[PDB]
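If you want the building blocks of each chain, they are given just below.
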Amino acid sequence: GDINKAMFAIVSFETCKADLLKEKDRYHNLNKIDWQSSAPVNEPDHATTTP
Amino acid sequence: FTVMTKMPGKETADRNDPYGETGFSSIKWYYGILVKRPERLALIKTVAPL
Amino acid sequence: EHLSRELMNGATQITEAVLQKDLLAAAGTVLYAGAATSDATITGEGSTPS
């Protein structure tokens, strides 16, 4: 019953490659991910208003 | 279109299948056209060389 | 990911094919090459190939 006692919290959000590339040092291993065909249609748990 | 993906594991559970194993993905749509000026469509029928 | 991509590509192709078939069916002005008057009369052999 206390958020301070919680061990972990997980959040899913939508982001684009430009947002990650704003700060290149923090993010690594961007080359492996298939940006050209990976879509949020593949992930149904995320609830959003995007078509 | 209307894409619907029910990945197996929590939504595919059922009385006939308590064990979520099955999934699917369906895409459906409506379609129809209305022709206003038929005389403006022009067609030529011909044979094509091999 | 690959399965979803191929599904979507098939859907788009089907929509385009149906639209093209409808447009060809609803043509207003038609010509037949040569002396032919319908689909049956169109021929390659003869004095006047279509």
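So, how was this worked out
- Keep in mind that residues are numbered from 1 along each chain as the sequence reads, not by the entry's scheme, and that residues without coordinates are left out.
- Numbering of ligands from 1 and lettering of chains from A proceed in the order in which they are written.
- Here we see some chains out of a larger assembly; the values all refer to those chains and nothing more.
- Calculation of side-chain values draws on the structure's entire complement of heavy atoms; hydrogens and water are dropped beforehand.
- Runs of H or I in DSSP of at least four residues are treated as helices and runs of E of at least two as strands, each being numbered from the N terminus.
- Here the globule rule reads 2.2 Å times residues to the power 0.38, and the radius of gyration is calculated from C-alpha atoms.
- Partly exposed describes any residue whose relative accessible area lies between the buried limit of under 20% and the exposed limit of over 50%, with all areas from a 1.4 Å probe on protein chains only and scaled to the type maximum.
- Residue exposure ignores everything except the shown protein chains as possible cover, and the areas themselves are Shrake-Rupley values with a 1.4 Å probe.
- Salt bridge, as used here, is a side-chain nitrogen of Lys or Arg placed within 4 Å of a carboxyl oxygen of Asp or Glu.
- The contact definition used throughout considers only heavy atoms, calling two residues in contact when any of these lie within 4.5 Å.
- Simply put, the buried area is the total loss of 1.4 Å probe accessible area from both parts when two parts are fitted together.
- In protein, a polar contact requires one atom able to donate a hydrogen and another able to accept it; more generally it is a pair of N or O atoms within 3.5 Å, and residues adjacent in sequence count only if both atoms are side-chain atoms.
- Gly falls in the polar group here, along with every residue not listed as nonpolar (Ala, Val, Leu, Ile, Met, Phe, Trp, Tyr, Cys, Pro) or charged (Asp, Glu, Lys, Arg).
- Note on pairing: DSSP must find at least two bridges between two strands before they are called paired.
- To count toward a patch, a residue needs a relative accessible area over 30% and no salt bridge; like charges are then connected within 9 Å, while nonpolar side chains (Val, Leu, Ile, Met, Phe, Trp, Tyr) are connected within 5 Å.

Method of determination, as annotated in the archive: cryo-EM, at 4.0 Å resolution.

Trainee: Before we move on, can you summarise the overall build of chain C with the specific residues and values?
Mentor: If you tally the helices and strands in chain C, you get 1 helix and 1 strand. Relative to the globule expectation of 10 Å for 50 residues, the C-alpha radius of gyration of chain C, 18 Å, shows a markedly less compact shape. Projected onto its principal axes, the C-alpha positions of chain C cover 55 × 25 × 10 Å. In chain C, buried positions account for 8% of the 50 residues. On chain C, roughly 3600 Å² of surface is accessible, and the fraction owed to carbon and sulfur atoms is 61%.

Trainee: Could you give an account of the pattern of salt bridges, naming the residues involved and the relevant values?
Mentor: A side chain of one charge can pair with a side chain of the opposite charge when the charged atoms of the two come close. This model, assessed by the stated rule, comprises 5 salt bridges over all chains. Across the pair A:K22 and A:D19 runs a salt bridge, and its minimum N-O distance is 3.2 Å. Placement of both A:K22 and A:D19 in helix 1 (residues 17-22) is noted, with a separation of 3 residues, approximately one turn of the helix. Judged by its relative accessible area of 38%, A:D19 is partly exposed. C:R5 is the salt-bridge partner of C:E1, the closest N and O atoms lying 2.8 Å from each other. Using a relative accessible area of 34% as the deciding quantity, one classes C:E1 as partly exposed. The network of salt bridges with shared partners includes C:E1, C:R5 and C:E6.

Trainee: Please provide a residue-by-residue account of the interface of chain C and chain B, values included.
Mentor: Contact residues are listed per partner, giving 22 residues for chain C and 16 residues for chain B. Buried area between chain C and chain B, both sides added, is near 1700 Å², and the carbon and sulfur share of it is 70%. If you sort the residues of chain C by the area they bury against chain B, C:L7, C:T29 and C:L31 come out on top, with a joint share of 23%. Close ionic contact of B:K45 with C:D39 constitutes a salt bridge, the shortest N to O distance being 2.7 Å. At the surface where chain C touches chain B, the tally comes to 10 residue pairs in polar contact. Secondary structure elements with two or more residues in the side of chain C that touches chain B: helix 1 (2-25) and strand 1 (29-32) of chain C. Per element, the largest residue contribution to the side of chain C that touches chain B is 10 residues, and it comes from helix 1 of chain C. Residue composition of the side of chain C that touches chain B, grouped by class: 15 nonpolar, 5 polar and 2 charged. One ladder, built from 4 bridges, connects strand 3 (residues 42-45) of chain B with strand 1 of chain C; its direction is parallel. What sits directly across from B:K45, in strand 1 of chain C, is C:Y32.

Trainee: An account of a nonpolar patch on the surface is needed here, citing residue identities and associated values.
Mentor: Together, A:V41, B:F1, B:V3, B:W29, B:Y31, B:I33, B:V35, C:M8, C:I14, C:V18, C:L19 and C:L23 make up an exposed nonpolar region whose accessible area comes to about 970 Å². Tracing the chain through its elements places C:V18 in helix 1.

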